[PDB]
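Residue numbers (the authors' numbering), protein chains in the order written: chain A, 2 to 358; chain C, 6 to 117; chain B, 1 to 185.
Where is the CB? At the ideal position from N, CA and C, for every residue including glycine.
Here's the structure we're looking at; comments come further down.
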Amino acid sequence: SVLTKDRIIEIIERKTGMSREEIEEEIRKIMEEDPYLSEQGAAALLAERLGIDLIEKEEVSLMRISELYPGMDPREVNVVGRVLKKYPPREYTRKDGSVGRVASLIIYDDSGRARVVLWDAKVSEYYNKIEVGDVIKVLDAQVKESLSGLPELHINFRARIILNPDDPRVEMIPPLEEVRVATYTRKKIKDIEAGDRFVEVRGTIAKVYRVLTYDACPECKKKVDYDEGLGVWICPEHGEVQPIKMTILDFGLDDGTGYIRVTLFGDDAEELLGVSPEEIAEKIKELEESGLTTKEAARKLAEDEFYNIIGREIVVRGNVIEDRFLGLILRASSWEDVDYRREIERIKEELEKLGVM
Amino acid sequence: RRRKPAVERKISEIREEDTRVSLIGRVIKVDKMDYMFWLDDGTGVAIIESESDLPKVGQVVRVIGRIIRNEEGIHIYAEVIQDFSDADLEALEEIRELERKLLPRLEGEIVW
Amino acid sequence: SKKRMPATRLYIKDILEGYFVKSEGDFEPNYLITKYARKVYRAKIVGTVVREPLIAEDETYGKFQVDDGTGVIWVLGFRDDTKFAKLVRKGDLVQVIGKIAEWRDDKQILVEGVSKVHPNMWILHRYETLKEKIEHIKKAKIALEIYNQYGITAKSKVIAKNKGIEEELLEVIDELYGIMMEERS
Ligand SMILES: [Zn+2]
């Protein structure tokens, strides 16, 4: 249905800043030239001359960045976010000899942050025009998820980007001035929900699931994906890179109130296990040769070599994501030894609530 | 008859009925010829006869052993000697007072 | 559907003085209800290993004694779980987590993990164990009054909900009452 006479006046008031009395005079001037036009049609013609009549191109939605999930229908993707960071554009040589481009842009809204990955022609089409502070509209993008628990909006040939759109969610995004570094908040496993971010959990290791290594970028320490059609490992921030080994440690945490699966990464996982990732990769290769699959070898290595860490009280910090098959996973970016003096003070405060002290 | 637990007591609080005790203190003197070391926890000094493991002078240790009550005197025959040098002794004393006042009260709250 | 019960940090004395309930059903695990009506599935103790571990020649079983001051419990591992007895020695301060089991009417812990802990962790363990004992006993004291006045009825379940008491706690008190009445006779 076409917009009403008063709705066209309202859109012209917002897009032109003219008063209602000024717009009513311009509509009368159009109806003087052509008396066969309606009060609604004159306003539509006024908007067409102004350049506002492109109002039919309305793709409004209320999807937040937190609501993005990996492996979702790109057609359902409709999020808006202000550009916080702009990473340098990198180049990669394809199988056909042609050199493609790739650039990362960190965007954010009132719920969370997302990594926009521009691909090939979308880099020269948008990156040059995109500045820090502009609110972009990500449409039809492939949604992936990084190991840290951050969503990724891969801008391919099907994806579209609108610079500074007429969307109501743009006002709800806080300015760059107010954005502060979110610190880790202490939360019991009993109260841990799916989609929680920056949570510090103190618990005990109760079981070790898998110990294996993954190919990662040698500069930002992030998982690289192998393109079979090009033959190169491409980092979604540094382009064509030589991959290095990094440790993944899947284990269970127990704080007396609940249980949750925790995953460790690179330098932090190597610190807890005590074995380098190059040595872990070698031990996995030996188990794979014996007839065990990649997941069987990772599970065996964890139970036959890294069983000593089970029963140690450790502190983990990261985001809680919900896997479609493994349930709640606290993907801990960093881990630290229990500050015993600080953990005793937390107990003392709870004893005062009970009436002990 | 199960093995008796190490009753955590101070050197001044050593009751004659105790058989195995947990004394946590600082070593003040070490005799390597007789394999004995003097322990001081702040309430008293006791001779600790160790089997072979001899700690250093000034090192804070936790000693679990059997009380030797005979005509020679009252000393502790060491079985386990742990390193309590990095232990917060102020926090150890605070939880001891909390357990002494709350644990006997909680034991008799839910008894039917 | 797939739920894992959290380990309850308890004193050894509480586990020994508790009542082991061996579940006959295939979809139900074994639990121990302490004298203060605490349904505990997994045990979490922190203590000193008083004796050198007993490891079999054919590596079929491994056991070690743990002492926290309140009591001495046995920790056992079989076939591949024998690797846990090899980690410890006579004199180590360790934290043990595992399922509670009863052998010849004597309580013991089927080891799931054991590792050496710092002396400050042992202090922290006493703070948490004392704290959780105060929290549970105060909640069960109010729930005992609801059970002694109404029992397990639809009316008593609403009154317990208003007093911040879980419905399972009332059922644990009833289960404990049945065990104690069998001991009297
Ligand atoms: Zn990179």
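Between the options, which lies nearest to residue i when the distance is taken from Cα to Cα?
i	options	result
C/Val35	C/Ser90, C/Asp23, C/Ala51, C/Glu22	C/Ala51
B/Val114	B/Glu24, B/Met5, B/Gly25, B/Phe64	B/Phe64
B/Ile109	B/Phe27, B/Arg38, B/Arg42	B/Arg42
A/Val180	A/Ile249, A/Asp110, A/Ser147, A/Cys236	A/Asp110
C/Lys15	C/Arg8, C/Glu21, C/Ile33, C/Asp46	C/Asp46
A/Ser2	A/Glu57, A/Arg15, A/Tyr70	A/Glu57
B/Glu59	B/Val40, B/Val72, B/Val49, B/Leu76	B/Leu76
A/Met73	A/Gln243, A/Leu154, A/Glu344, A/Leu148	A/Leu154
C/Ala96	A/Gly356, A/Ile345, A/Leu51, A/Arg211	A/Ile345
A/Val209	A/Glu287, A/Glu194, A/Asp305	A/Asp305
B/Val49	B/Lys39, B/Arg38, B/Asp67	B/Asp67
B/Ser23	B/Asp106, B/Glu102, B/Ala140, B/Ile165	B/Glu102
A/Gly196	A/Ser67, A/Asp54, A/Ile13	A/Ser67
A/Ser62	A/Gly257, A/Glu77, A/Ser112	A/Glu77
C/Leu59	C/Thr48, C/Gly49, C/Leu44	C/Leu44
A/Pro71	A/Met358, A/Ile330, A/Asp324, A/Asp168	A/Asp324
C/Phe89	B/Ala85, B/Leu87, B/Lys86, B/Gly91	B/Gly91
B/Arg51	B/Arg126, B/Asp105, B/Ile15, B/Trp74	B/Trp74
B/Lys13	C/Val12, C/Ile19, C/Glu18, C/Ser17	C/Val12
C/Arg6	B/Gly71, B/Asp174, B/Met180	B/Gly71
A/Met173	A/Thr184, A/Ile193, A/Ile13, A/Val136	A/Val136
How about residue i and residue j: do their beta carbons lie closer than 9 Å?
i	j	result
A/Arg65	A/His239	no
residue 387 of chain A	A/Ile108	For residue 387 of chain A there is no data in the structure shown, the boundaries of chain A being 2 and 358.
C/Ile86	C/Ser55	yes
A/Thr205	B/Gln95	yes
C/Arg31	C/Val68	no
A/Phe252	A/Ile190	no
B/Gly69	B/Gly98	no
B/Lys44	B/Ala7	yes
B/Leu93	B/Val111	no
A/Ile162	A/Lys138	yes
A/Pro75	A/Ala160	yes
A/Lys6	A/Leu51	no
A/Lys284	A/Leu293	no
A/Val84	A/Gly134	yes
A/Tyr215	A/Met247	yes
C/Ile72	C/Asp23	yes
B/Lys107	B/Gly18	yes
C/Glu104	B/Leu130	yes
B/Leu10	B/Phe20	no
A/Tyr260	B/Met121	no
A/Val316	C/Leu107	no
A/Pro278	A/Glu272	no
C/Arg25	C/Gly63	no
Rounded to whole angstroms, how far is the Cβ of residue i from the Cβ of residue j, which I believe are closer than 8 Å?
i	j	result
B/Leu170	B/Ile142	Between B/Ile142 and B/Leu170 the Cβ distance is about 11 Å, and since that is not below 8 Å, they are no contact.
B/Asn148	B/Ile100	B/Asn148 to B/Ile100, Cβ: 28 Å. No contact.
A/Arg332	A/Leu213	Wrong, their Cβ atoms sit about 15 Å apart, outside the cutoff.
A/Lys86	A/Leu106	7 Å
C/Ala92	B/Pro53	In fact, because the Cβ distance is near 25 Å, the residues do not count as touching under 8 Å.
A/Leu274	A/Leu250	7 Å
B/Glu135	A/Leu164	B/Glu135 to A/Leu164, Cβ: 56 Å. No contact.
A/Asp256	A/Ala207	Contact doesn't hold; Cβ gap of about 10 Å is too wide.
A/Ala282	A/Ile245	Going by Cβ atoms, the distance from A/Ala282 to A/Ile245 rounds to 10 Å, so no, they are not a contact pair.
A/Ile348	B/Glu128	6 Å
A/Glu40	A/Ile28	7 Å
Task: alpha helix (DSSP H) segments (min. 4 residues) lying fully within the stretch 273-306 of chain A - done: 278-290, 295-305
Open item on the list: My parser needs the beta strand (DSSP E) runs of 3 or more residues fully inside the stretch 71-115 of chain A; what are they?
Closed with: 79-87, 91-94, 100-109
Open item on the list: Quick check for students: name the residue ranges of the alpha helix (DSSP H) that lie wholly in the stretch 4-79 of chain A, counting only runs of 4 or more.
Closed with: 6-17, 21-34, 40-51
TODO: Kindly confirm or deny that the stretch 92-99 of chain A and the stretch 135-146 of chain A touch, where touching means at least three C-beta pairs closer than 8 Å.
DONE: no
TODO: Scan the stretch 12-50 of chain B and note each continuous beta strand (DSSP E) run of 3 residues or more that stays entirely inside, going in chain order.
DONE: 19-21, 31-33, 42-49
Task: Stretch-stretch touch, CB-based, cutoff 8 Å, three pairs: the stretch 319-338 of chain A with the stretch 223-239 of chain A - done: no
- [ ] Check whether the stretch 195-209 of chain A touches the stretch 315-334 of chain A, taking contact to mean three or more Cβ pairs, one atom from each stretch, closer than 8 Å.
- [x] yes
TODO: Return the chain-ordered ranges of every beta strand (DSSP E) run that is complete within the stretch 208-238 of chain A and spans a minimum of 3 residues.
DONE: 226-228, 233-236
TODO: Could you tell me whether the stretch 295-307 of chain A touches the stretch 35-49 of chain A, using the rule of 3 or more Cβ pairs below 8 Å?
DONE: no
Task: Three-pair Cβ contact test at 8 Å for the stretch 146-166 of chain B versus the stretch 61-81 of chain B - done: no
TODO: Could you tell me whether the stretch 251-271 of chain A touches the stretch 111-131 of chain A, where touching means 3 or more Cβ pairs closer than 8 Å?
DONE: no
Open item on the list: Suppose only complete runs of 3+ residues qualify. What are the beta strand (DSSP E) ranges in the stretch 53-126 of chain B, listed by chain order?
Closed with: 61-67, 72-78, 93-102, 107-116
TODO: Could you tell me whether the stretch 77-86 of chain C touches the stretch 106-116 of chain C, where touching means 3 or more Cβ pairs closer than 8 Å?
DONE: no
- [ ] Identify every run of the beta strand (DSSP E) within the stretch 7-67 of chain C, keeping only runs that are complete inside it and at least 3 residues long; order them along the chain.
- [x] 25-36, 41-45, 50-54
Open item on the list: Please give the ranges of any beta strand (DSSP E) in the stretch 65-109 of chain C, keeping only runs that are unbroken, at least 3 residues long and fully inside the region.
Closed with: 65-75, 78-88
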